[PDB]
RNA sequence: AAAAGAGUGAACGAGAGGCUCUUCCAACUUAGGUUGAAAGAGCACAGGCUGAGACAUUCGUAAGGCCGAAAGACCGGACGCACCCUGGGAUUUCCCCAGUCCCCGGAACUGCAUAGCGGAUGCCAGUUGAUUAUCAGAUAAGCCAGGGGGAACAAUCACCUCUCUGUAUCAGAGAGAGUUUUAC
DNA sequence: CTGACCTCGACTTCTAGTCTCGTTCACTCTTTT
DNA sequence: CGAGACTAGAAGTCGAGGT
Ligand SMILES: [Mg+2]
Ligand SMILES: [Mg+2]
Ligand SMILES: [Zn+2]
């Protein structure tokens, strides 16, 4: 039934055992030591032979649903897994990091220099300068001081560079392979190959010549295409294009393609982006879309690098397999549809003489990936200026900020009398900070009952102590009565 | 090689908002207080590194072309710079990395000519301690800071059978050789 | 004459979090010619 | 093949008790 994994005296993985009673005998006799709860790994204390057999590992890639399965010389499955990768959160985190540091450089460095320049009299006589930097054709506006040097002309990268998200997914695949190697003797590795065309899957029955001329053929960039389809004037008025607005904001999964961008003048952008009626009107004229091809892009980028480095890890014992071959295998041997039986079929592909092939039974070991680091310090810099009459909210700022659909103080001031303004009470709460030394998700803790769990969330804080620890199963444990056993493991088995 | 498709990394610039304070006006209230309009000033993850580097005006920034009375304009790209390259550093850690930035040099690659860099004048800091001199302190219009992986740390007994409890399930507790082999 | 109606640990429920553009640049992968 | 949520803090329940 449930296979038990074995390791020798030396740190060498070894063929898994299934007797399941000899294991308890060896454990009670001191011959065996437990190494991992789940999967249940035992390390022999007494020395013995190390005679192993080849095992084929089969990999079904992905961005959030990686899956690997291990099989013997014949079609017997000794390991099945599923992985939920943290990958999707990396692009958003890097985006927010860029925005935060741009804020840092603007507000602490740039604006402070401009302020000092105006104070000390060492500012432009015009008070503003148009500077045409090398590499661009339209100037920039430098107010009261020259800009800090801009570096975009020449920034070479090592060939084969990969973005932090794609590099993260590559590292995650390889890391899960290493963790599987720690458990079992893996001889061959079989990686599924996925190549995607995103001109395809948008329109099947695509004709060959269509691949070269698409929505943005000839017309240079998305901005120019929008300025063309709108005839060079704002979408609302007859005024010229100023800002290229996203119909779906980039804070959501707003696409960067053509069907999302729209040209608008200044005032029209401000109104459509603060007011509600204008937003509804623009949503009426055009719809926009999400990204819809953010995952498969990263997967397609990393597949060749993964195949290369798998070949490095398993010299002379690395193969490949097509998704179509997997589908044929499922149709042939009757494997049910799933997203982890894919790995079993992929592994079974390489088997030259497979006569015991049958579908695995039992749920596979699920793996969650948790942050290895979190170096943020501010939880909620509130930045909102709330006005109340009595105990009811009536305005959220003095004047509307960008993306403020709700009223502000100027509109209330217009609508009501000066007595109502004189009878307002303001409450603006201060900034909240995370505890950067807190116990992080993925840690292994034990509660008052002695139950062992993996910390998934920390919820609620009072007087400097967490209130609740939420395990991966969603159970909530009182934080004061829980004991800290193990730190964050990069990938945690559930 | 090109045209497209899809992603996601980098530098620089403007705002809408936000915090604190000053002046002034208005409203509402026990001269005071509260809210607001207007003008101005300062400030902007928690923090690490460093002691100068930010700013304005002006001069200079190769050969060779080419047009100009000339001044000088355009091309070009070095004996000028660099985001480029070798080495060394800050962020930097339990071990690393990405990104940004810095310092002496610059050979091939790469990029710039209104940019960068250097010079000159001007403007913006700190000055205390232990033995004029040396080690400490103070000194921002300086750099970085919300990215990622790994190691190590269990109250680490899985499966099945049997018993007890509760529990609709199943959980907890206890006890058990259930094929010899964890490999033939 | 309590005691019915407070006061206080100690938990349990629940909600909320910044956002626009502008001048450029770089890397990866796929599909057709 | 895949498109928020972890963490901090305020308001709320509730028993002990107690006066
Ligand atoms: Mg597949
Ligand atoms: Mg907009
Ligand atoms: Zn207009």
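Numbering (PDB author numbering), first residue to last: 1 to 494. C-beta: ideal position from N, C-alpha, C; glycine also.
Closest option to residue 351, judged by alpha-carbon separation, among 398, 70 and 14: 70. Between residue 57 and residue 72 the beta-carbon gap is near 11 Å, outside 8 Å, which marks them as no contact. Leaving aside the five residues that flank residue 114 on each side, the residues in its chain whose CB is nearer than 7 Å to its CB run, in chain order, 143, 144 and 145. In this chain, the beta strand (DSSP E) harbouring residue 457 covers 452-462. For ligand 1, the residues with a Cβ under 6 Å from any of its heavy atoms are, in chain order, 60, 192, 323, 326 and 342. By the C-beta criterion, the stretch 402-409 is judged not to be in contact with the stretch 342-351, since fewer than 3 inter-stretch pairs fall below 8 Å. One Cα belongs to residue 153, the other to residue 116, and the distance between them is close to 30 Å. Nearest C-alpha to residue 318 among 326, 308 and 327: 308. Residue range 243-246 is occupied by the beta strand (DSSP E) that includes residue 246.
Distances from the alpha-carbon of residue 168 to those of 305, 321 and 22 put 305 closest.
Secondary structure at residue 298: helix, using DSSP grouped into helix, strand and coil. Note that the C-beta distance between residue 65 and residue 365 is not below 9 Å.
Between the stretch 442-454 and the stretch 334-346 there are fewer than three C-beta pairs closer than 8 Å, too few to call the two in contact. Judged by pairs of C-beta atoms under 8 Å, the stretch 35-50 does not touch the stretch 259-275, as fewer than three such pairs exist. For the pair of segments examined, the stretch 83-97 was found not to touch the stretch 380-393: the number of CB pairs separated by less than 8 Å stays below three. Segment contact: the stretch 188-202 against the stretch 294-304, three or more CB-CB distances shorter than 8 Å; contact assigned. Closer than 8 Å to some heavy atom of ligand 2: that describes the Cβ of residue 269.
When the Cα atoms are used, residue 451 and residue 206 turn out to be separated by approximately 57 Å. Residue 145 carries a coil assignment under DSSP once its states are collapsed to helix, strand and coil. Cα atoms of residue 455 and residue 139: separation of roughly 53 Å, rounded to the nearest angstrom.
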